[PDB]
file start.txt (compact mmCIF, C-alpha atoms)
# COMPACT_ATOMS: atom_id res chain seq x y z
CA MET A 1 121.40 12.90 97.34
CA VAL A 2 122.51 15.50 94.83
CA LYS A 3 124.04 18.95 95.05
CA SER A 4 120.72 20.09 93.64
CA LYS A 5 118.91 18.45 96.52
CA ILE A 6 120.49 20.61 99.19
CA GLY A 7 117.47 22.83 99.74
CA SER A 8 115.56 19.89 101.17
CA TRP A 9 117.21 19.81 104.58
CA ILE A 10 115.98 23.32 105.27
CA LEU A 11 112.51 21.82 105.20
CA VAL A 12 113.34 18.87 107.42
CA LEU A 13 115.10 21.49 109.49
CA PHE A 14 111.98 23.44 110.39
CA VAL A 15 110.03 20.27 111.11
CA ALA A 16 113.06 19.27 113.15
CA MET A 17 113.20 22.48 115.14
CA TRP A 18 109.53 22.11 115.97
CA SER A 19 109.75 18.40 116.66
CA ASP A 20 112.61 19.41 118.92
CA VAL A 21 110.48 21.76 120.99
CA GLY A 22 108.00 18.91 121.18
CA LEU A 23 110.41 16.65 123.02
CA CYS A 24 111.46 18.23 126.29
CA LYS A 25 108.20 19.85 127.31
CA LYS A 26 105.51 17.61 125.86
CA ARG A 27 106.35 15.07 128.54
CA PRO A 28 105.88 11.32 128.09
CA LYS A 29 102.55 9.52 128.26
CA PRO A 30 103.44 7.01 130.98

call {"tool": "encode", "arguments": {"input": "start.txt", "output": "structure tokens"}}
result
Amino acid sequence: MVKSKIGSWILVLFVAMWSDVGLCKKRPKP
């Protein structure tokens, strides 16, 4: 968005890193 809104990815980063670990290990439902 703006150069001022650069410290927002860091957030989505953490949630991304976690959501990442919860991909290849959580296994599918079906």

call {"tool": "atom_distance", "arguments": {"input": "start.txt", "atom1": "CA of residue 5 (chain A)", "atom2": "CA of residue 21 (chain A)"}}
result
26.1 Å

call {"tool": "axis_aligned_box", "arguments": {"input": "start.txt", "around": "region 17-25 of chain A", "padding_each_side": "6 Å", "output": "lines of an AutoDock Vina configuration file"}}
result
center_x = 110.6
center_y = 19.6
center_z = 121.2
size_x = 17.2
size_y = 17.8
size_z = 24.2

call {"tool": "atom_distance", "arguments": {"input": "start.txt", "atom1": "CA of residue 16 (chain A)", "atom2": "CA of residue 4 (chain A)"}}
result
21.0 Å

call {"tool": "atom_distance", "arguments": {"input": "start.txt", "atom1": "CA of residue 11 (chain A)", "atom2": "CA of residue 25 (chain A)"}}
result
22.6 Å

call {"tool": "build_atoms", "arguments": {"input": "start.txt", "residues": "region 3-23 of chain A", "atoms": "N, CA, C and O atoms", "output": "PDB file, in the frame of the given file"}}
result
ATOM      1  N   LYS A   3     123.714  17.585  94.691  1.00  0.00           N
ATOM      2  CA  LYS A   3     124.040  18.950  95.050  1.00  0.00           C
ATOM      3  C   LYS A   3     122.820  19.845  94.809  1.00  0.00           C
ATOM      4  O   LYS A   3     122.713  20.926  95.384  1.00  0.00           O
ATOM      5  N   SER A   4     121.929  19.356  93.958  1.00  0.00           N
ATOM      6  CA  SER A   4     120.720  20.090  93.640  1.00  0.00           C
ATOM      7  C   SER A   4     119.668  19.877  94.727  1.00  0.00           C
ATOM      8  O   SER A   4     118.757  20.689  94.887  1.00  0.00           O
ATOM      9  N   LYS A   5     119.830  18.779  95.451  1.00  0.00           N
ATOM     10  CA  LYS A   5     118.910  18.450  96.520  1.00  0.00           C
ATOM     11  C   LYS A   5     119.529  18.835  97.865  1.00  0.00           C
ATOM     12  O   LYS A   5     119.666  17.997  98.756  1.00  0.00           O
ATOM     13  N   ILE A   6     119.889  20.104  97.968  1.00  0.00           N
ATOM     14  CA  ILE A   6     120.490  20.610  99.190  1.00  0.00           C
ATOM     15  C   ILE A   6     119.481  21.492  99.926  1.00  0.00           C
ATOM     16  O   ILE A   6     119.600  21.701 101.132  1.00  0.00           O
ATOM     17  N   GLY A   7     118.507  21.979  99.172  1.00  0.00           N
ATOM     18  CA  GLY A   7     117.470  22.830  99.740  1.00  0.00           C
ATOM     19  C   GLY A   7     116.285  21.995 100.224  1.00  0.00           C
ATOM     20  O   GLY A   7     115.143  22.450 100.174  1.00  0.00           O
ATOM     21  N   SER A   8     116.594  20.789 100.679  1.00  0.00           N
ATOM     22  CA  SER A   8     115.560  19.890 101.170  1.00  0.00           C
ATOM     23  C   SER A   8     115.715  19.698 102.682  1.00  0.00           C
ATOM     24  O   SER A   8     114.758  19.335 103.364  1.00  0.00           O
ATOM     25  N   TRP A   9     116.924  19.951 103.161  1.00  0.00           N
ATOM     26  CA  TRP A   9     117.210  19.810 104.580  1.00  0.00           C
ATOM     27  C   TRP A   9     116.534  20.968 105.315  1.00  0.00           C
ATOM     28  O   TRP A   9     115.996  20.784 106.405  1.00  0.00           O
ATOM     29  N   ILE A  10     116.585  22.136 104.690  1.00  0.00           N
ATOM     30  CA  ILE A  10     115.980  23.320 105.270  1.00  0.00           C
ATOM     31  C   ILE A  10     114.556  22.998 105.720  1.00  0.00           C
ATOM     32  O   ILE A  10     114.112  23.457 106.773  1.00  0.00           O
ATOM     33  N   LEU A  11     113.877  22.210 104.899  1.00  0.00           N
ATOM     34  CA  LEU A  11     112.510  21.820 105.200  1.00  0.00           C
ATOM     35  C   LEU A  11     112.501  20.909 106.429  1.00  0.00           C
ATOM     36  O   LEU A  11     111.834  21.204 107.418  1.00  0.00           O
ATOM     37  N   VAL A  12     113.252  19.821 106.324  1.00  0.00           N
ATOM     38  CA  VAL A  12     113.340  18.870 107.420  1.00  0.00           C
ATOM     39  C   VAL A  12     113.920  19.560 108.649  1.00  0.00           C
ATOM     40  O   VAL A  12     113.826  19.040 109.760  1.00  0.00           O
ATOM     41  N   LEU A  13     114.508  20.724 108.413  1.00  0.00           N
ATOM     42  CA  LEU A  13     115.100  21.490 109.490  1.00  0.00           C
ATOM     43  C   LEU A  13     113.993  22.094 110.357  1.00  0.00           C
ATOM     44  O   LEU A  13     113.976  21.903 111.572  1.00  0.00           O
ATOM     45  N   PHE A  14     113.092  22.809 109.698  1.00  0.00           N
ATOM     46  CA  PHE A  14     111.980  23.440 110.390  1.00  0.00           C
ATOM     47  C   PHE A  14     111.172  22.407 111.180  1.00  0.00           C
ATOM     48  O   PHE A  14     110.903  22.597 112.364  1.00  0.00           O
ATOM     49  N   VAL A  15     110.806  21.336 110.490  1.00  0.00           N
ATOM     50  CA  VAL A  15     110.030  20.270 111.110  1.00  0.00           C
ATOM     51  C   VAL A  15     110.850  19.649 112.242  1.00  0.00           C
ATOM     52  O   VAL A  15     110.290  19.046 113.157  1.00  0.00           O
ATOM     53  N   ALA A  16     112.161  19.812 112.143  1.00  0.00           N
ATOM     54  CA  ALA A  16     113.060  19.270 113.150  1.00  0.00           C
ATOM     55  C   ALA A  16     113.075  20.196 114.365  1.00  0.00           C
ATOM     56  O   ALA A  16     112.996  19.733 115.503  1.00  0.00           O
ATOM     57  N   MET A  17     113.175  21.488 114.087  1.00  0.00           N
ATOM     58  CA  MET A  17     113.200  22.480 115.140  1.00  0.00           C
ATOM     59  C   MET A  17     111.924  22.422 115.985  1.00  0.00           C
ATOM     60  O   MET A  17     111.969  22.581 117.204  1.00  0.00           O
ATOM     61  N   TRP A  18     110.814  22.192 115.299  1.00  0.00           N
ATOM     62  CA  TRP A  18     109.530  22.110 115.970  1.00  0.00           C
ATOM     63  C   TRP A  18     109.485  20.797 116.754  1.00  0.00           C
ATOM     64  O   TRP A  18     109.221  20.799 117.955  1.00  0.00           O
ATOM     65  N   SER A  19     109.750  19.710 116.045  1.00  0.00           N
ATOM     66  CA  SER A  19     109.750  18.400 116.660  1.00  0.00           C
ATOM     67  C   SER A  19     110.697  18.377 117.863  1.00  0.00           C
ATOM     68  O   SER A  19     110.560  17.544 118.756  1.00  0.00           O
ATOM     69  N   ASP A  20     111.640  19.310 117.844  1.00  0.00           N
ATOM     70  CA  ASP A  20     112.610  19.410 118.920  1.00  0.00           C
ATOM     71  C   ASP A  20     111.938  20.019 120.153  1.00  0.00           C
ATOM     72  O   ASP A  20     112.114  19.526 121.265  1.00  0.00           O
ATOM     73  N   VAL A  21     111.182  21.082 119.913  1.00  0.00           N
ATOM     74  CA  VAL A  21     110.480  21.760 120.990  1.00  0.00           C
ATOM     75  C   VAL A  21     109.424  20.825 121.575  1.00  0.00           C
ATOM     76  O   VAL A  21     109.020  20.980 122.727  1.00  0.00           O
ATOM     77  N   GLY A  22     109.003  19.873 120.754  1.00  0.00           N
ATOM     78  CA  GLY A  22     108.000  18.910 121.180  1.00  0.00           C
ATOM     79  C   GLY A  22     108.650  17.618 121.671  1.00  0.00           C
ATOM     80  O   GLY A  22     108.208  16.525 121.325  1.00  0.00           O
ATOM     81  N   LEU A  23     109.692  17.789 122.473  1.00  0.00           N
ATOM     82  CA  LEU A  23     110.410  16.650 123.020  1.00  0.00           C
ATOM     83  C   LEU A  23     110.574  16.833 124.530  1.00  0.00           C
ATOM     84  O   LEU A  23     110.120  16.002 125.314  1.00  0.00           O
TER      85      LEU A  23
END
